[PDB]
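Residue numbers (PDB author numbering): 21 to 605, 670 to 1252. Every residue gets a Cβ at the ideal spot worked out from N, C-alpha and C, and that includes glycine.
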Ligand SMILES: CCN(CC)c1ccc(C(=O)c2ccccc2C(=O)O)c(O)c1
Ligand SMILES: CCN(CC)c1ccc(C(=O)c2ccccc2C(=O)O)c(O)c1
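Pasting the structure below:
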């Protein structure tokens, strides 16, 4: 960790931002100290009502003046809350932006050796893209919110203890029980959720391995143990979900009951103090509510400390590269700018080792002379760090031992400003920049005109990707629409190097894109551009090696031989090995509800529970208003009885909550968990039925599919269980509150009726204030972050051409747009929040004024205005949640999109077809008509061109891999992993696509290539090929596979975990189990697949005794790229790029003098 302290994180503050922070803090304190003052004014107006019941002259003036004070308070909140959101959020944008401009400069100042081509560059780009966002959260409006809510607590206590210290002390002493109950509830919820996830880590995870190893499960009957096991696993998750739903019960009910008891106690003490003669009704209420709010605000105040630690750590991580001192210092004074460059580069015993891994040695005793104005090249035997000279010449690593002389002048005695111009680099795949092609050329020389650009393009023939463009000299490679990669690229690096017109040029192995006509074109382009230059070429193939004046061959640390191509080929001096190696190369909601048809009895009893629970708020508000009126009785005798009755009402309501809440939250949880289990079972049953090719897509891999099937499905519950209880409860509370409010008094309730939109909008704004007004801050900064990431990932190219000063000229001019967007967002949010709060506090001063006016005329009476005001305000409070859940109702699929995306997806091949004819017996004949296929992952490949083959019944075939010319593709076409794009597949006198292949695959077996085993013991693993596992043939399988002397010799016997659990066996012995599983099936047709030398065991004691059983009485087809233990007996064919031309036994193939078998003989001799 070693995190930086919270202070000094503002160290990037301008002299103007301090004023912004000061104004923000000053506004925040005032905005936080407002609610208690609102309670004080409300208490004063209640006192004005109470004290003047028999004199309707003073009360009018008091209500008028207090309504005016409410108007003033609303104005203050309007002009204070705006200074908290408009001065803190903006100040959090002028610092992070001012920090990135320094951070990227620091990154681009360091040496290239710091990025040693690994995950370090990924870490740096992740820090740039994501970590600065975390820094921006610790200095944004979160600190303003924290100050706001702490000042609220302080002001509440102050406006508390001063009024009536006893009542405030009671109020602050009763809240610890509620806080402790809430903490216990949260801890229990977290523990139960963790236990549920750990239970989900049980066999409910085996779905991912079944999906990954889908080829083997489709090869056998499968689809039964893969689903029954999943159901048995998810049963436990269902049970723990029931327990979790229970936990969502007693916790909330007990908290509400303790709250109700506390309210009853505090009101009873207020009522016993009021009759003594200490305080008044308008003061005890003020003290109680101020103390309650002050106590409750501290919990929200401390909720912001979570992000502060992350922000501190993020700031510490950033403040590491900033203060780093570069190893190489660019001092213009030390280096004297020279001229008359010649091109003499000479080594003086330059031995260097990488600082990251100094154990290895790279250039032990390195001494080769580079002539001026002459072409030389160095070629290595293999890829043993060949691309190392380029880094050393361009000064990316300081030579620890040795010296490099440039025209007799040491490079270390020169500044790194004008030296880099003399060297041009074209490395392996020089990544272009996602800008216009016009300014890509300008990197060589910032000051250039169009004519030299055209001359450079013509020199490198940069016209086949430029002249015939949709628009002139305008194309963004990063943009998808004009993405013009197209495999090979007309290398613009050639043109940008020619623009410099240097005398030293560097070229790496830039031929790795299926050398073709375009490669030849760029080859003669290069041959044109090497004129009078000290070019150095590194490559592996000998095509470019021939066109070199002098060739240097290195083996390790030093050059083994020099001379020229005609000399190396002579006498085979240190060159026969080189050529030997070279030659060896939406209606969703209705149907979701319909899916819960068997949950009919568990929905009604939850709905009635929600309806019953909906009667909590209005009754509590009614009792509060009634007791508020009761406090002002003249005769003290009836007060005791009324308060006792109301305390009894509170005590009853506590148990009513401890009831109704559990009743609501239990059955709904049951229904949600049942729905999740059903949808998960159906999802797996549908995804396993899908075709093989849909699994091959890069978007659809095992990890993402498992994540969607494991995590996304849970959200379905939140879309059908939690999202329906709250709406019903709030709606019924709203209705039952309006009914009572209208019954009590209607002519005053109409004013509130006309003004619910204002109060609801204001409370919605208050609710949104807790989340933050910034909004999706990553989307705005993604465009800027792309520039930094692309400049860091391509550090090799930007290091040359002196492009460091140019990157921080587009970065600065592009960073300004998010700043303006943030400023506009901040201003709009502040103004709207201020207007909303003014509407809130400006409307409550009208209802009370009209109520007082009505009382003055005698039409209405006290105990009626206050009731309809309090109950209606409290019920308008609840509408905020209903409004907040609105955007996630109509806009379905926001997170719950996988529920029907793959469940209702239509397949092309249905394994179980009722109309398909059943398959009883098969003779075992394989033949293909004129059929070709293309992989669905990338249909551009068209290797198959009119493919045909035949294997007679009761025979064997020995197809050769033929250098991987689609060798592992015929294995996937004999049985229906894929479908023929054209032509017909012929078998057993019937077309393949009219028979029930589920009944057909049970008679055909194959052998896997890459070893893989299920997370289960090997008793049914070898019995997976048949239904019914009896030890009689279990031992027989081990004897046939010859694993009986090995598997049964294990100390723990057969009952042992062999997959990704318990003991992990070697990869060279999993083929024993693989071949043991096949013998149980005893298929009429057998398939083999050996490739990539998966055995790696000389004198195999497995294949020799198993292949003999393999041929006996079976039609076997074998494909392999190795001429070892693949001796055919009936017919052998050779495939060349998706086509065969010769057929017959091994005698015919060996009878050919040379034929196509000579190439296979070459590799056979290579095996030796
Ligand atoms: C934030 C949740 N929370 C802290 C644990 C609660 C929850 C409930 C209460 C009740 O006082 C209460 C609030 C409003 C309306 C009625 C009632 C009621 O009396 O049931 C409370 O004070 C605090
Ligand atoms: C003066 C009476 N009065 C104006 C009509 C109210 C009453 C209640 C609230 C609630 O916000 C509230 C206050 C404190 C604790 C919990 C809660 C709660 O959420 O139930 C309020 O804002 C204003």
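Quick check on the DSSP output: the alpha helix (DSSP H) that includes residue i runs from which residue to which?
i           : result
residue 799 : 797 to 804
residue 257 : 245 to 296
residue 71  : 55 to 71
residue 503 : Residue 503 -> no alpha helix (DSSP H), and no H or E assigned at all.
residue 932 : 900 to 941
residue 216 : 185 to 220
residue 634 : Position 605 is followed directly by 670 in the chain, which means residue 634 is not present among the coordinates.
residue 959 : 949 to 968
residue 471 : 470 to 479
residue 865 : 861 to 877
residue 134 : Note, residue 134: premise wrong, no alpha helix (DSSP H); not H, not E.
residue 367 : Residue 367 -> not in any alpha helix (DSSP H); beta strand (DSSP E) instead, spanning 365 to 371.
In chain order, what residues of the same chain lie with their CB nearer than 7 Å to the CB of residue i, ignoring the 5 residues before and after it?
i           : result
residue 258 : 757, 761
residue 463 : 516, 885, 887
residue 704 : 737
residue 170 : 321
residue 485 : 504, 510
residue 898 : 868, 871
residue 122 : 342
Return yes when the C-beta of residue i is under 7 Å from any heavy atom of ligand 1, and no when it is not.
i           : result
residue 275 : yes
residue 778 : no
residue 283 : yes
residue 279 : yes
residue 733 : no
residue 202 : yes
residue 173 : no
residue 193 : no
residue 267 : no
residue 706 : no
residue 197 : no
Take the Cβ of residue i as the centre, count every other Cβ of all protein chains shown within 10 Å, and call the residue buried at 16 or more, exposed below.
i            : result
residue 1028 : buried
residue 73   : exposed
residue 791  : exposed
residue 275  : buried
residue 498  : exposed
residue 42   : exposed
residue 172  : buried
residue 222  : exposed
residue 732  : exposed
residue 56   : buried
residue 6    : In this structure the chain extends from 21 to 1252, so residue 6 is not present and cannot be described.
Under DSSP, the beta strand (DSSP E) around residue i begins and ends at which residues?
i            : result
residue 396  : 396 to 400
residue 1070 : 1069 to 1071
residue 1114 : Counting along the chain, residue 1114 falls outside any beta strand (DSSP E), and DSSP gives it neither H nor E.
residue 1041 : 1040 to 1044
residue 1001 : No beta strand (DSSP E) contains residue 1001, which DSSP labels as neither H nor E.
Could you name the residues of the same chain whose beta carbon sits closer than 8 Å to that of residue i, not counting the 5 residues immediately before and after it, in chain order?
i           : result
residue 344 : 126, 130
residue 882 : 128, 875, 888, 891
residue 847 : 924, 960, 961, 963, 964
According to the Cβ coordinates, are residue i and residue j closer than 8 Å?
i           : j            : result
residue 531 : residue 561  : yes
residue 160 : residue 1085 : no
residue 267 : residue 212  : yes
residue 768 : residue 793  : yes
Which residues in the same chain have their Cβ closer than 6 Å to the Cβ of residue i, if we skip the five residues on either side of it in sequence?
i           : result
residue 416 : 132, 133
residue 301 : 70, 715, 716
Sequence-ordered residues whose beta carbon comes within less than 7 Å of a heavy atom of ligand 3: Of the ligands one can find in the structure shown, namely ligand 1 and ligand 2, none is ligand 3.
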